[PDB]
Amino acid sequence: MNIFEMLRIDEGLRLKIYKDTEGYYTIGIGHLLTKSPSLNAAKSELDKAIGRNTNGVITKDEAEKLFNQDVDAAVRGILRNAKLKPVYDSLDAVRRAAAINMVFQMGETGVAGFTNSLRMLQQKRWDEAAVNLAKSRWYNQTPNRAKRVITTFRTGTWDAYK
């Protein structure tokens, strides 16, 4: 298991434009296209992302290319964020994957406001962290996914993904 395999499980793979759990146009392995309700707007973003006229369909290779970029960007975002970086640096590699997973899903601004959870993670109070993480819109809207990510933070193992 690793961050790629982990997010592949959490996000799925769809080769045509679909709506994500929030109702936003998305493609590939959870590549958010736009928060706009316009399908045409989404197709424009898709074409710009891939570099050709796709008419809303991409290949698996193209999906994996965006996915790699998205993971890279999430990591790079964490490292450029003054609140996230020290917590990330403090973690082992398995818990780092859980951190990336959350940023991938909710964006770095969103996760940077998990102030109390971030502190518990830095402190390595894993059970406390796991309790605090669940007290969130995130947990309530995507409980099965949140439960997997929380278990990963709590245990530093891949148990929730085997």
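Residue indices: 1-based, along the sequence shown.
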Worksheet item: Got a sec? Mean C-alpha B-factor, which is higher, 37 to 45 or 91 to 99?
Response: 37 to 45
Worksheet item: On average, which has the higher Cα B-factor in the deposited entry, 51 to 59 or 26 to 34?
Response: 51 to 59
Discussion item. How does the C-alpha B factor of residue 154 compare with the rest of the chain: lowest, middle or highest third?
Written reply: middle
Item to complete: Would you please rank residue 140 by its C-alpha temperature factor against the other modelled residues of its chain and give the third it falls in: lowest, middle or highest?
Response: lowest
Worksheet entry | CA B-factor placement of residue 108, once the chain's modelled residues are sorted into thirds | highest
Response to the item:
Temperature factor at the Cα of residue 117, chain-ranked in thirds, falls in the middle
Worksheet entry | Assigned third (lowest, middle, highest) for the C-alpha B factor of residue 7 | lowest
